[PDB]
Amino acid sequence: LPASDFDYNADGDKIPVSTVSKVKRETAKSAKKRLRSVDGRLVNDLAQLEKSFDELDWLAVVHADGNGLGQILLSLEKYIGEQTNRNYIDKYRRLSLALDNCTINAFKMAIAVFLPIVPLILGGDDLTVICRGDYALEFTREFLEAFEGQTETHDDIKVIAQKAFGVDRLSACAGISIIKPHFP
RNA sequence: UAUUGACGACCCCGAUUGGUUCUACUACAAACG
C-alpha cells in the first residue's frame, strides 16, 4: 500500500507505514493484553522473552488447528437429537463455546511443560504460539493430549462427537517450525 | 620261528587387535520497537 502514517520499526527508526499497517500495530497493544490475560505465567511479548529468557538457543512457532468442526456444523441437524429449533441453537452455541474453552484449558495445561511462551492466536479450535524451542514437541504433545482429554470430558462436545464419529472426543494437529530466535 | 639292511634331514613364520571416544554446525545480517 502507499504510505499514509509513520511508525517505528523494531530498531525504533521512524518509517513510513500504511493506515492498514498503522491500525494493526495500534491494535497489537490490545491483543498482547488479551493473550497474556489468559494465564499470568504467559510472557506478553517476543521482546519480553528476549528480556526474561536470554538462555534460549531456539524458538518454535507452533500452529495447531482443530479438526472436524466444519463437517459437524454442516451436518449438525443429525447430531442435536431432538429435531427442534430451540435445541439446534443451544447445541450449536454451546458446542462453539466449548471448543474455545477446550483450546484455552488444554493450553493452560500444556504450558506446565515449560514461562517462555508467547501466545499469538488463541481461540476457537485454533492455536498458535511462540514457544521455547526444544520444548515445543512436548508442549504440543501435551496440548494435543489435553485437547483430546478436554473434548472427551466436555459435555457439550462429548455427545455430538459420539454421534458424529463414534468416539466421544475431537482432535487437533500441529505444525512446529522450531527456529533460531532471530530467524523470521 | 625272527629274520632282510642302512640310510635320512625337518621347521621357513604361527595367533590376535584393524579403529575407539568426543565435537555434527555455532553466532549473525531478514525476526524483535
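Side-chain atoms are counted along with the backbone in the values below, which use heavy atoms only and exclude waters and symmetry mates. Here is the naming used below: chain letters follow the sequence lines, and residue numbers restart at 1 for every chain.
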Report the distance from atom [atom1] of [X] to atom [atom2] of [N], rounded to the nearest whole Å.
| X | N | atom1 | atom2 | answer |
| --- | --- | --- | --- | --- |
| A:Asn44 | B:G33 | CG | P | 11 Å |
| A:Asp13 | B:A31 | CG | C1' | 15 Å |
| A:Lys29 | B:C32 | NZ | P | 16 Å |
| A:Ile15 | B:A30 | CD1 | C1' | 14 Å |
| A:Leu120 | B:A31 | CG | P | 16 Å |

*Could you tell me the separation between the CH2 atom of A:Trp58 and the NZ atom of A:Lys180, rounded to the nearest 0.5 Å?*
6.5 Å
*In residues 49-59 of chain A, which residues come under 4.0 Å of RNA chain B by heavy atom?*
A:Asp57, A:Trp58
*Tell me which residues in residues 175-184 of chain A put a heavy atom below 4.0 Å from RNA chain B, sorted by number, or none.*
A:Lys180, A:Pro181, A:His182, A:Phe183, A:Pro184
Just read off the sign of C1'-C2'-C3'-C4' for [N] and name the pucker, north if positive, south if negative.
| N | result |
| --- | --- |
| B:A9 | north |
| B:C25 | north |
| B:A30 | south |
| B:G14 | north |
| B:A27 | north |

*Take atom P in B:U1 and the same atom in B:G5, then report the distance between them in whole Å.*
22 Å
*Pairwise P distance for B:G33 and B:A29, with rounding to whole Å*: 15 Å
*Hey, can you tell me if A:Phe107 and A:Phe143 have their rings parallel, tilted or perpendicular (30° and 60° cut-offs)?*
perpendicular
*Would you call A:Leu42 and A:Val118 a side-chain contact if the rule is heavy atoms closer than 4.5 Å?*
no
_A:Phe139/A:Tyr135 aromatic ring centres below 6.0 Å_ = no
*Identify the heavy atoms of A:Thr151 and A:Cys102 that sit nearest to each other, and give their distance.*
CG2-SG, 3.7 Å
*Distance-minimising heavy-atom pair for A:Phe53 and A:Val43*: CE1-CG2, 3.7 Å
*Report yes if the base rings of B:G5 and B:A6 sit with centres under 5.5 Å apart and an interplanar angle under 30°; otherwise report no.*
yes
*Using the six-membered ring of each base, decide whether B:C11 stacks on its neighbour B:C10 (centre distance under 5.5 Å, planes under 30°).*
yes
*Going by distance alone, is a donor N or O of one side chain under 3.5 Å from an acceptor N or O of the other, for A:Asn101 and A:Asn105?*
no
*Output, in order, the C-alpha distance, side-chain angles, deciding distance and verdict of salt bridge (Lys or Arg N to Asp or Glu O under 4.0 Å) for A:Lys22 and A:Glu26.*
CA-CA 6 Å; A:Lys22 190 73 177 179; A:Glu26 288 173 13; 5.6 Å; no
*Taking 4.0 angstrom as the limit, do A:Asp7 and A:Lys14 come out as a salt bridge?*
no
